[PDB]
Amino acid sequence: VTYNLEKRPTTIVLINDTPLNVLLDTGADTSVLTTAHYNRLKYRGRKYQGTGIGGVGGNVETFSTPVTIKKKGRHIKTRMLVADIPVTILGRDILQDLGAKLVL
């Protein structure tokens, strides 16, 4: 599917068997699940301490956690960061894995 950017590009993905609406963000180097979302997952793996991320408002502490993402018939097994951010974002690391491309 093609997102023309009239609205924020969001889609539902299954993370640890829980359908979540996520933002597809080419400006995010890495993917981050909101703490609220991490707490609603049907299954959770261990929490590994992380070393933060930065954005427009400064830096925020993170932890990392193992997840399985299902979308586009792919089963991706990776680590995602967790942080108190406003929305769950799929960044370049997972976007590359799913085959997403930005065309200008």
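From 1 onward, residues are counted along the sequence shown.
- Of the two segments, 57-65 and 42-50, the one listed with the higher mean B-factor is 42-50 (C-alpha atoms only).
- Set 69-77 against 26-34 and average the Cα temperature factors; 69-77 ends up higher.
- Placement of the Cα temperature factor of residue 96 within the chain: highest third of the modelled residues, per the deposited record.
- Ranked within its chain, residue 19 lands in the middle third, by CA B factor from the PDB record.
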